[PDB]
Amino acid sequence: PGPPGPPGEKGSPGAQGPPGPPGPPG
Amino acid sequence: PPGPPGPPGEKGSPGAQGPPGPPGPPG
Amino acid sequence: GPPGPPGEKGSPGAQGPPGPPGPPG
């Protein structure tokens, strides 16, 4: 047969995680 | 002879979402 | 000949970065 095709593109980068919780009272 | 090269591979899976950020500072 | 088979699946994307710090308390 023909040779295999080229490797696929790298996946999309993941989104940044959510903001952290509000800090404690001071 | 051999045929032409195959089609491109599938795009990779998306990366995971990052973790939650740190707790904020004290008031 | 038959055309070649598809290429291998791409690598996964990188995990996203950690989130921003939360607001002050």
Cα-based shape type of the protein assembly as shown, given that a ≥ b ≥ c are square roots of the gyration tensor eigenvalues and the cut on a/c is 1.5: prolate
Nearest-0.05 FRET efficiency for C:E8 and A:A15, computed from C-beta distance (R0 30 Å): 0.75
Give the distance, in whole Å, between the Cα centre of chain A and the Cα centre of chain C. 4 Å
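Using ideal geometry, Cβ is built from the backbone for each residue, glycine included, and neighbour counts are taken over all protein chains shown. Since every read-out is calculated from the coordinates, none of them should be taken as a lab result.
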